[PDB]
Every structure is written in C-alpha cells, then in structure tokens.
Amino acid sequence: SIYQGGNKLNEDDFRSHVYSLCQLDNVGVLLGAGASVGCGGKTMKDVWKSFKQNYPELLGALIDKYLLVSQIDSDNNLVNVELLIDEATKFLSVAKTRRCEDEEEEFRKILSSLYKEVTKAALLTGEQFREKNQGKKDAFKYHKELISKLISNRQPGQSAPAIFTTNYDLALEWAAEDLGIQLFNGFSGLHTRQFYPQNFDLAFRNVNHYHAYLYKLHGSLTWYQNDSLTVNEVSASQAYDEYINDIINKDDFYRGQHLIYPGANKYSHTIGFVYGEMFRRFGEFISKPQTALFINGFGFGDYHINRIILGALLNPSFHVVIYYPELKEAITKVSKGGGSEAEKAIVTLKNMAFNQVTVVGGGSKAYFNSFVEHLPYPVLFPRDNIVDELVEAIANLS
Amino acid sequence: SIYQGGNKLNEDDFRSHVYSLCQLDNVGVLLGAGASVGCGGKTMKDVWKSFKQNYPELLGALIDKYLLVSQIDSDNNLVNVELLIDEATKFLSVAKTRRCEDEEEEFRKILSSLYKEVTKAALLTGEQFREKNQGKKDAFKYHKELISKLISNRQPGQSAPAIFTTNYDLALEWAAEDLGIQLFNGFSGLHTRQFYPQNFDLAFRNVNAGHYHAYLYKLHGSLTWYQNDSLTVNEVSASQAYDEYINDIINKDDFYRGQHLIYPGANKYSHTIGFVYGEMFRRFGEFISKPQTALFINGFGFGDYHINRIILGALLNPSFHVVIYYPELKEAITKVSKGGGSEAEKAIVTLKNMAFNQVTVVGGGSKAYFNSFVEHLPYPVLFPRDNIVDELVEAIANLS
Amino acid sequence: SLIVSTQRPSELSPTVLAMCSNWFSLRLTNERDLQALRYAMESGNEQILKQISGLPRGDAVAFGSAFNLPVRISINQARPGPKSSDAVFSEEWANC
Amino acid sequence: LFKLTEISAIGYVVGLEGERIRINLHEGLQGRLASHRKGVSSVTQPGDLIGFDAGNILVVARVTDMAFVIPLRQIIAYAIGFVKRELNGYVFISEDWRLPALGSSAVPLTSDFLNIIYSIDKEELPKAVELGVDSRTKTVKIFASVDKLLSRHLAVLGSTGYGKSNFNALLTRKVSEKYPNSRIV
Amino acid sequence: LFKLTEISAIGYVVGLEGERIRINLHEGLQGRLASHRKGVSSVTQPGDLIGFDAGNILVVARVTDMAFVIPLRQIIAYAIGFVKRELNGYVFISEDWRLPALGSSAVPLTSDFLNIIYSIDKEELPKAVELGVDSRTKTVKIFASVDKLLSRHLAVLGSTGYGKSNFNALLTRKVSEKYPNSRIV
Ligand SMILES: Nc1ncnc2c1ncn2[C@@H]1O[C@H](COP(=O)(O)OP(=O)(O)OC[C@H]2O[C@H](O)[C@H](O)[C@@H]2O)[C@@H](O)[C@H]1O
Ligand SMILES: Nc1ncnc2c1ncn2[C@@H]1O[C@H](COP(=O)(O)OP(=O)(O)OC[C@H]2O[C@H](O)[C@H](O)[C@@H]2O)[C@@H](O)[C@H]1O
Ligand SMILES: Nc1ncnc2c1ncn2[C@@H]1O[C@H](COP(=O)(O)OP(=O)(O)O)[C@@H](O)[C@H]1O
Ligand SMILES: Nc1ncnc2c1ncn2[C@@H]1O[C@H](COP(=O)(O)OP(=O)(O)O)[C@@H](O)[C@H]1O
Ligand SMILES: [Mg+2]
Ligand SMILES: [Mg+2]
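Definitions and limits used
- Residues numbered from 1 in each chain as written, not as in the entry; some residues may be left out.
- Chains lettered and ligands numbered in written order.
- Part of a larger assembly, values for the part shown.
- Heavy atoms only, no water.
- Contact = heavy atoms within 4.5 Å.
- Buried area = accessible area lost by both parts, 1.4 Å probe.
- Salt bridge = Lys/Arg side-chain N within 4 Å of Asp/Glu carboxyl O.
- Polar contact = N/O pair within 3.5 Å; in protein donor to acceptor, adjacent residues only side chain to side chain.
- Helix = DSSP H or I, 4+ residues; strand = E, 2+ residues; numbered from the N terminus.
- Nonpolar A, V, L, I, M, F, W, Y, C, P; charged D, E, K, R; others polar.
- Pairing = 2+ DSSP bridges.
- Buried < 20%, exposed > 50% of the residue type's maximum accessible area, 1.4 Å probe, protein only.
- Axes fitted to C-alpha atoms, helices over the stretch in contact; angles between N-to-C directions.
- Near = heavy atom within 4 Å.
- Areas by Shrake-Rupley, 256 points an atom, 1.4 Å probe, with all protein chains shown as cover.

Colleague: Explain the interface of chain C and chain D here, please?
Modeller: When the parts of a complex come together, some accessible area is lost, and that lost area is often used as the size of the interface. With 32 residues of chain C at the interface, the matching set in chain D holds 34 residues. Here chain C and chain D share an interface that buries about 3,300 Å² over both sides, 62% of which is from carbon and sulfur atoms. When the buried area of chain C at its contact with chain D is split by residue, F24, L26 and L69 of chain C rank highest and sum to 18% of it. Our enumeration of links across chain C and chain D arrives at 0 salt bridges. Applying the counting criterion to the chain C and chain D interface returns 12 residue pairs in polar contact. Secondary structure elements with two or more residues in the side of chain C that touches chain D: β1 (23-25) and β3 (71-75) of chain C. When the residues that make up the side of chain C that touches chain D are grouped by side-chain class, the tally is 16 nonpolar, 13 polar and 3 charged. Across 3 bridges, the pairing between β3 of chain C and strand β10 (residues 128-134) of chain D is antiparallel. Among the inter-strand pairings, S74 of chain C is bridged to a residue of β10 of chain D, identified as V133 of chain D.

Spelled out as structure tokens, the structure:
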C-alpha cells in the first residue's frame, strides 16, 4: 500500500523515513478540500449533487442555451465549480456593459443560487459563526496537533513552516488563535486592514517559536472590495453582520465586484493582484535547495499546479510525499484504458523509478486523521495538561 | 604500433601515461580536416578529384599558361587548394588594378568554380543548414563527449582548455550550444558583431559565492565571417548567412563579388584581413611555449611548413610533451627507407626515430581515428553517467 | 586450517596469533585479555580494540582473511532456534 | 545545464600533517543532513565514513575528531583505502598510502558506494552464506566464503548469554544445506 | 503560554574528542541549579548524571571533571545509553556509541527519568522483590526478579572485622524469608 520508486515499503521503514524529512532546511504542507470533512466540510461532489437537486430549471438553461457546462460531467458529477462562477461573472459584466436588459436578469439568479450553495457549506459551525472562542471545541482537535508537531521540530536558527491551502474557511485561524501562535497572512491594521505584499518577509525577535506563514490560493470569506479600489479584511462577526446573513436568508445579489471568493472577478486588475501574488509565492518556495513537501487532501484536478510540481523534480534535492485514498481503482481503470486526467497523472507519477516520490494508499489509512499520527513528538514536550484545573478552581472562587 | 622514443609500449602503460598528461597546468588540443569526416565532411585530396572530374577544361588552361600547379601533382592528388586560392586572388587583384580586361574576365570564372566546390563540401548537413537545434542529432555525438571530458578534469583554480582547428565548419559551435557551454572566439555583440582581440584574456565568475567556458581559435576562418564595405569584420548567424550569400554561391553559376569572404585564407594582401589571421598564429605560438604545456594532435597531415617549424622549435624545453596520431606509419616507413617519400612522410619519420621520452606516435589504421581517440581519454568517477531528465521532460511535454 | 582458542591470550606465544587470519568475538570485558592482541598485529591500527568492550546483545566483531577489512556484524536469529532454556526454579519452590 | 557533480560538497582540505587530515566546514550545512537522488545522509557524527574526490580515484576516510574553533568547525580523519573504476563498475582496494591534495572537496558517500566496500567477488554470490547486516546503517548485507574459511585460520570466542550457540548453529546448518558432503571433525 | 520545554538548560556542547564531551556552562546560578514542577535539581560534583536532548532520543552521560579555564567553567563527560518512546511510556537502552551534535543544550535528570533507568522490563513487576533505595539521591526504589536471582551461583563478600557475620545475617534475613526452600549448606 506504500510505494517508493516502484517497490513496496513497510510501516517501520516509512515511519523512520518521514522523521528524516522533517529536519530539512525548508518544510511545507499543501492541503485541499478533503481535509475539512472531518470537522464539518463538504467535498466538491456533494455541492454539485445538492445544487443539481435543488435548482433543476436552471440546469437545462446552463447546458442548452449558453453552453457553459456539458452533459456527461453533469451526469457523472465531475464539474469544476470556480471556473463556472468566473465565466458567469464575465457573462454578467459583458451583458451589463452592453446594455442588454433581457440577459442581465438571467445571470443574477444563477449567481445568487451558486453563491448560496457554496457559502452555506463553508460555515463549519453554522449559526455559531458569530460567537467567540470557536477553537476550544473538539472538532478542531487535530489542527492544533498538526501545528504543534510542525513547530516543535525546528532547531534554533532555522526557518519557519509554510502552509498552503485551497480552502476558504476559518479552521486554521481558529485553531492557531487558541494555542497562542500568530500567523502572517499579508494583512495589517485593525480599523482599516489592507493588503501589503511585503509582509511575507518579516519575523519576530525577543529583546528581553511564535510565528508561521499561511498562504490562501482561493481567497477567504472575510475578504471583500469596498467602493475604493482596495482590499479589506474584517472579523467573522462583522462579516456576518454585513453581508453573510443576507446571502443565506434572502434573494440578494447586487454588486458583482464585491466578493473575493472563490477565484472570482479575476478580470479586474485590482483583484487579480492577490491571486497572482499568492501563486507566485507558492511557485518560488519549492525552487529552493533542500526542500520537502507533504500533500494531503488534494485531488489532482488542476493543470497548473501539476505542471509546477512535476517540473520542480529536476533539482536533485526535492522530495514529495503524496496521500491518495482511492488508488487501486485508478490502477485498475488505467490498466484497461480510459480514466480521467487525475487518474492518469497520478498513475504515471507512481510508476517512475524515482526515490524522491512516495505514494500512500488505503481506504482509511490515508485520511487526514491518519496523516497527523505519523509525525513524531519530541521527548521533552510537555503533554500532560495540568492548567485547566487551576482555571476551574479560580472560576469556582468567584 | 605505439612508439615512445623508438620503443614499443603496451596498452595499459599508454593509458596510464595519457591519464598522467591530463592533469598538468596547461592543456590543449589541435584538430584538422580529418576529424570532421565522420560527420559528413571530406578531405583535401577528395576535393581535388571532384574538381578535376567536374571541370576538366580549366585544368588544361591553368597549367600551361599561368603555371599555377605542376602536372605531376595533378595526376597524383598532392595539391594545396587554399594556397592556390590566395595566388588566384592576387592574380585577379593585379589584373583589375592594371586594367587588363581579358585577364580579369578569365580569372573571375575560376574563383567561382573553386569556391563552389570548397563551400559545397562544408555545409555538413546539406539544405538543413539554416535550421535551428542541429546539435540534437546523432552525428555530433563524439564532439560533445570530447568537450565534456576536457572540462571535467580540471581542479578548481586551474586554467581552462584551449582548442585549435584548421577547419572552417560549425561542428564545435553546434555541439557546444547544446550542452550549455559558452565559447570565446573573439567576437562581441548581437546586432553588429566585431573582432576584439583583447577579450581572449577574460573569464567568468559567480557573484553569489557557472565558471564553465573554453576558448576556440579558428586558424583559417569560417563561413559566417565577411567584410562589408567598411574596414570592419562582422559575424552573422547561420540562417542570415545562408539567406545572404551562401545560397547564391551554391546555386548561381555566374556569381562572384570579390574582396568579401575571409575563408580559407583568401585575401591576405589586404592589411585589414591579415590582421585576423596573424593573431591566431601569434596566440598559438605564445600558448605552446608555456612551462607545463601538454598538447594533443589528431587529424593533422603534417603538410604545413610553419606549424612543423613552430612545433619542432618548441621542444627545446624540458617540460613539453606531444602526442601524435597518424594512421599511415607502415607505408611511410617503407617509402622513406628506399629513397624517401613526400615531405610529410619524411617529417613524421624523422620525428618518430629520435630518442626522446616526450614524443609519442600512434598508428594502426582505424585504431587511430577520431572516434577511437576519445575513449583513450580518462573519465571522472563522480561524473553522472546516466540519463534521468529525459523521462521528466517527455512527461511534462505529454501534459496538455 | 586450524582453530586456536584463547580467552586469556596473555599466557601464549604471539606467534600463535600473528600467524593466523580470522577471528570472532562478542562482548568481552577484561583488561589483561588483550596484550597478545595488542602486540601481534603490525603497525597501522590500534584504535579499533576499544569498542569490543561495549557491544550490545546480538552484535559481534569479525575480521580475517575472508573479509577485506574489519567489519561489525549484527547477526540474525537462527530458525529453528537452539534449546529453549535451562531449568526454572519457580515451580520447585511453589510448594510454599 | 551543465553540472559537474550530482552531489553537493561539504568542506575542503586545508592541511596535511602526516596522516591527520584537517578539514574546515562550510556554512550551507545547518541540519546535520544532506539529500540527493537516493536519500538523506548524515556526516556530523564522529566515527562515520567520508570520501575525497581526486581525479580517477576516491579516497575513503574515517572521522576521528570534531570540535569548534564567527563559529568555525574542524574535522580530523584517517584514510583507509580508495575506490577504482576498471571496466564498467567499481572495485575497492586496501592500501592507505595514497593521500589527497590541498583544496580537495569533501563529500559523503551514499549506500551505492557502501555496497562496494563491504562486498566480495560476484562469481561467489551463489556460493556464499548470509550472516547479517551492517550495524551502523542496517542497509548492507554481509556474505562470507566457505572455501576461504577453511584455508587460513579461524577462531571463535564470546561471553555468556550473548549468542555463541546461536551463531554456531546458524553457521553449521548452512554448510550442510549448501555442501551436504564434507569432512569436518 | 505555549512552551517547548518546561525544564531549563545549563549549557551546550563545544567538542567531541573521541569519547569525551565538552560543555560550556551558563553564567550565575543558572548553570548549577534549576527548578521544575516536581521539585529542584542540581549538578554539582563529578559522579552525577546529565542528559542531552537530541530530538527523538535523549542521551545519558556521567560527569568526570570540572574546572575553571568573570571566569568560565567546563565539564567532561562520558556516554552510557539513551531513552526513547515505545507505546505510551519510555524505555532505556544500553548502547554507548551514540553522541549528540554540537550546540545541543544540556539538562539535568529529574526523578521521573531516574525511575526509568532503574526499572525492570515491564513484565516481571508482579514477581519482584524490594531490597532498598539508591544512595546518591535516596529517592528511587530498587526491585529484582526472583527467577533471575536464585537460579545460579550467588555470592556475598566482605572483610574480617567488618561485618561479614553481621552483613551475612542481615542480607540472608531480608532475602530468604518468603521462600526458604533454597539450600545453604
Ligand atoms: N476524510 C478525508 N481525508 C482526506 N482526503 C479525503 C477525505 N475524504 C475524501 N478525501 C479525498 O479528498 C479528495 C477530494 O477532492 P476535491 O475536494 O474534489 O479536490 P479539491 O476541492 O481540493 O480540488 C482542488 C481545487 O483545484 C481545482 O480548482 C478544484 O476545483 C478545486 O477547487 C478526493 O481525493 C477524496 O477522496
Ligand atoms: N577518420 C579519420 N580519422 C582521423 N584521421 C583521418 C581520418 N580519415 C583520414 N584521416 C587522416 O587525416 C589527415 C587528413 O588529411 P588532409 O585533410 O589532406 O590534411 P589536413 O587536414 O592536415 O590538411 C588541411 C590543413 O593541413 C595542411 O596544412 C593544409 O594546408 C591545411 O592547412 C590524413 O592524414 C588522413 O589520412
Ligand atoms: N540474534 C539474536 N537476537 C536477539 N536475541 C538473541 C539472538 N541470538 C540469541 N538470542 C537470545 O539468547 C538466548 C540464548 O543464549 P545463548 O546463545 O544460550 O547464550 P551463549 O551464546 O552465551 O550460550 C535466547 O534466549 C535468545 O533470546
Ligand atoms: N541493627 C543495627 N543497627 C546499627 N548498626 C548495626 C546493626 N547491626 C550491626 N550493626 C553494625 O555492623 C557492624 C558489624 O561489624 P562486625 O560484625 O563486628 O564485623 P565482624 O563480624 O567482621 O567482626 C558493627 O560495627 C555494628 O555497629
Ligand atoms: Mg557462551
Ligand atoms: Mg568477620
């Protein structure tokens, strides 16, 4: 179930090999949408499955009249969502600037329904999205373990971990605001928070193990563009009070240049400056010597990411580890011919005689909860929590 | 047939000796027209047969009237072509200056016929001379090996190898522009090239803290070198040269410009062209007289007076070592034992019989060819002798 | 081919040790058991005798003609194994 | 696109004082590890093996000392042999009278080179007996020749409760399995 | 509130000259005494135990020398073994060729890590006899296995006019109570 260069590995050798990669000069993680189903997320298949059932009348119009989506993928549930949203936004903008009243009202309903469907699944908690201290719940038990394991394994004088993700939910921020760790995500300020691309070059020092970096490749729920041509960030409560309540409990969609998720409104020269910078920073990271990368929860359905990853293996000091649950079905389907682009890409990647590539298979042995268990603790890390008792006693004093 | 000072040696001793000579202070390689016969070229005596078969009429009017070539040599194929071209150019210039219409008309018909035969045998790829990426073919597989082997044997902080050649084809540049090495040949620019002799003293260096380069001296010119109306020497690309003048020379039958081309050693009477030729000889002479020089020779027929003179005089130095390849030792010895053969045979035989531990001569027919010369050179232990990038590149090209 | 055996080589001629090739030795803790080994071998190596006194269980040091250079070997278990064990006195005294 | 070596360097030699080689350490090494096309190797633990590249030979050495002097680090090593390329592979020789030159680079040796050193003739591989694995790395197999064991002298020793009888049985069984017919008392 | 270690260090390694170690101590009272959740600890004289953190293992060493060179102080130590996690606790191994890297911090050994070094193999606990307590720290108990003790020759030594009668009587009293079935001719 574990392959490295064509042959097979066992549990002990794999566990020993993983520990050696965590001590390189540069370490990083790339997570997808499959890493949030353990806390309340939904896979891209379920979003389409629900949208198709809920809004049948628009489905025929999308397939027959405007030629935005085909029929085989709709019947197989293999439809990319963000590309469709970008195309719909482009169509709406063209119709608005051409002054065609008939088509202007046709795309508003489609965009509103799509945004209602995608947003309602991104609230990992639900109605308690507004409240504070959402990192103390049991659902986020493993993100803290991941962050602690990544941070505690760095010697003094070395760099800091870098985390890339393709989600637009607030799981990592909630987890990292409970440990006592600060993450740099490019924004600064409180009363007016703006985007400064040079903030990815700073660090803290003590004048008498605090920080990490977080890159989001698809935006976030708390980012929006106001009347001025600038990008702003707000807290969860303010965003809910401002524009998230109306999306879910109203037929409200007025501004097409407002939201910055997911990968939408890219034709504006002010909004694409964020996606381009994030993608450039991702591309530059894996070009450094003595680098490692762990991939989990990502379905290989993007051309540019695959192109960048495959072209980065020319250097003799780049190592990658891939987790893929449904591996045997891919092999069987590729053997008889056919198969999607993801299956072909991952099968071709597996069959090379390279010692720099490792692929892990299995049904439940490749999930996110199992990826965390492989990373090791240090010997001297304090594990027994003996602080909550004192907090309880203080609260009981009253 | 490996004689060192007149005494035969076996294979392992010769291999050890050649391994020892590759780690001196200065190294160099001298080639000739025989090293390019495996790619599609020809030799000097092969061109004369084609010329005197294709134009038998000019041979009658070239020996009797102007006394340019002897009758004995014409029937034996021992003529020097690029030396005849210089005399033809001198005759044409004198006739033009003195204003003799008949002689000017007569000589113009001979130079075109000579340049057509000289050029047509040097394109080395036929019509596919103006295309790009010509180093990816399997014909130039050994030039790359030679270049790679020469560079990789140098310890840090040591001089780079130098390569001389009497050829005027583009095999070495095509081979080098594929590995990723840059050669210094005395030219600079992109839109207007010019000849700067002082750049032979430069080198590259990394500012971060790569240094992989070599020097190439062309002793007889090149196809892509020409002089415009001004007193400057320019260099162009292969495609530009083909579109400019090579096509007209090959195809047209009544085409001749004049004091235009700088190959092979044609217009030496001018004081702006000979300046190019003199520098190569001067630098060859300066390099060869270094304290710790070790020079290799291959593909050279020892038919030149000046090169032999400069080689022989350089041996009055107790740290100069030479290696000679000549796959005709037996016939030369037999022909010189009776009364003496040609000048080249006499020179090589009188070079072989001396009692010196510096000179070395190798023979045995196909055992001393250019292809077999490469394998005798050493190969580093840590050099990556594999091919791994090709699969990744083809996989990348497969996507989309 | 012979096999000379001595765990106390001090009371023996070094020529017995210097005219031989192969040896095997597990952990052995005694300071006066190495004098012949110290003298017999020719000049060129003396620092490799320190670690013979701390080898863990299952490790051994072998060197001789059959090996180009001395090497430290971890010996795998032999299957089927040797005798189970000696007598156990727990059952005899269970009468209490 | 031209790379002279596929493996990165670590240090360079600055002084020879007999058979004690002095090497200064670079700054690019930070996490006592180095990665290449086959795996990750460590060099910072005294008692391991290193190598020096000089032309058509590779000098194999053994680390003895390590200490500090701007923080500077130095390493002392002794040479034990060299590696040669003869026809299409490699072979190890056992003379230590050859020494490297000043300015030579220092590079760790991978498992491919480690296999060659603790190896014997390929022809004897069907005629061999397996004993165990390497102790320091546990990545190499060890084989012995039965014919050469009974040509020169051999001996066995050992303490109590450490595996003497285990080795005896393991060695005796394989000889019978390979050569059922022999004369041994 | 987020802490990588709850035990303060004392120094760092500045050399490995074979089997010895060099340590540079901190200034003030930081390099002699420490404090933690379970009590106090100190390293004062040769004959104590010190530990070196090495990531996934923990090396154990013994102090040999202390001297001067405000002044500066340094220590020389020798290695014994290491400690590692197995399932939910720890275990002690007795291999003495593993050494730490330069710059690694030094920490004293708490009673929690002292219990592990002087324990039995997790399976003979119900069949263990209590004898006494260690001398240097008088905080950790000592247990022995019944089957391992009374299975071969056992010896008790002493000197005349020193308690051979007394020590013999006391030890055979405390050892041979529950199972007198052994033989003392
Ligand atoms: N519990 C689990 N743990 C880990 N992986 C899981 C789990 N459950 C399912 N998976 C696997 O998780 C994977 C779900 O794949 P998808 O959610 O379609 O991938 P993406 O959304 O990251 O696609 C990346 C983006 O790029 C493109 O633009 C796309 O449009 C996206 O926006 C499958 O392998 C599941 O088996
Ligand atoms: N495959 C081969 N490999 C190696 N040598 C070969 C091969 N084939 C033939 N040879 C030998 O290679 C040699 C080629 O003979 P030529 O081309 O006439 O001699 P050059 O190149 O020195 O003449 C050109 C220059 O030399 C003079 O100074 C002229 O004035 C020019 O400046 C012969 O020994 C062949 O047998
Ligand atoms: N290769 C090995 N690995 C681990 N334990 C071993 C090995 N060989 C032997 N043993 C242990 O040694 C015990 C037998 O010891 P024994 O060989 O009788 O000691 P001696 O070698 O002193 O006669 C067995 O119980 C077994 O558990
Ligand atoms: N119950 C006890 N409490 C304190 N000390 C004791 C006890 N029993 C014996 N000792 C000490 O042990 C020592 C035994 O020495 P002793 O028996 O006189 O030596 P020997 O028998 O060789 O002459 C005595 O000095 C005594 O003080
Ligand atoms: Mg025994
Ligand atoms: Mg007494």
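Colleague: Where do I start with the pairing of strand β8 (residues 211-216) of chain A in this structure?
Modeller: Side-chain direction in a regular strand flips from residue to residue, so the side chains alternate between the two faces of the sheet. Residue and element names in this part refer to chain A. With respect to burial, β8 is a largely interior element, 6 of its 6 residues being buried. Of the two faces of β8, both are covered, the one formed by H211, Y213 and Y215 as well as the one formed by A212, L214 and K216. Two strands pair when backbone bridges link them, and strand β4 (residues 162-165) and β8 are joined in this way by 4 bridges, in the parallel orientation. Within β8, the residue paired with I163 across the bridge is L214. Here strand β5 (residues 182-184) runs beside β8; their pairing, made up of 3 bridges, is parallel.

Colleague: Just checking my understanding: could you explain the sheet that holds β5 of chain A for this structure?
Modeller: Strand pairing in a sheet relies on backbone hydrogen bonds, with the paired strands running either antiparallel or parallel. Residue and element names in this part refer to chain A. Spatially, β2-β1-β13-β12-β11-β3-β4-β8-β5 is the arrangement adopted by the 9 strands of the open sheet, whose pairing is mixed. Across the chains shown, the open sheet's two edge strands, defined by having one partner strand only, are β2 (7-8) and β5. The sheet strands contacting helix α8 (residues 171-179) are β4, β5 and β8, and the helix crosses β8 at an angle near 170°.

Colleague: Explain the site of ligand 2 to me, please; I cannot follow it from the model alone.
Modeller: All names here are of chain B. With respect to spatial proximity, 14 residues lie near ligand 2, and among them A33, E82, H220, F300 and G301 are the closest. Between ligand 2 and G301, the relevant distance is 3.0 Å, taken from an oxygen atom to a main-chain nitrogen or oxygen of the residue. Surface burial for ligand 2 is 80%, taken as the share of its 710 Å² of free accessible area covered by protein chains.

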